[PDB]
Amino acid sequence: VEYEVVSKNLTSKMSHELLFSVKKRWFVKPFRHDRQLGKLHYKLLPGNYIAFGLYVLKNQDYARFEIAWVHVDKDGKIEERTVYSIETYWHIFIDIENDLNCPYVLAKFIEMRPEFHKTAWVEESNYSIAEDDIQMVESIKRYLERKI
């Protein structure tokens, strides 16, 4: 199964979506990264993945952050759900990058946001976090709650 997520930076707004490998425990290698529509493409062994989404209306100093759970079965059948959604000031997410005491995956995801008018690029990372998906997703929430 190849699944589609949006990844675009426009003068008005950005929308930064990234899948995550519960299995490899670090972001998923996209084969194609379309700059022509604002899209990423994915090759993924059927199983469990976390969609990290970041939407930002800059003229509103606005940013909505969401974590969804992507469950796709051995028949290729997709089903999603959001597990988490926070809304907040965009300027706050920027500072979270520099925040040292801030969940690495979160603090790195913010870092992978797309260059102006282009598509965020997932890198070959052979580093793996300590926590399993649940512990992680939690501390990513534990933090944001406090950081707002």
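The first residue of the sequence shown is number 1, and the count goes up from there.
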Can you tell me which stretch has the higher mean Cα B-factor, 19 to 27 or 125 to 133? 19 to 27
Of 84 to 92 and 40 to 48, which one has the bigger average CA B-factor? 40 to 48
Highest recorded C-alpha temperature factor, please, choosing from 34, 66, 61, 111. 34
Third of the chain's Cα B-factor distribution that residue 8 belongs to, per the entry: lowest
Taking the chain's C-alpha temperature factors as the reference, tell me which third residue 102 falls into: lowest, middle or highest. middle
Pull the Cα B-factor of residue 57 out of the PDB entry and bin it into the chain's lowest, middle or highest third. middle
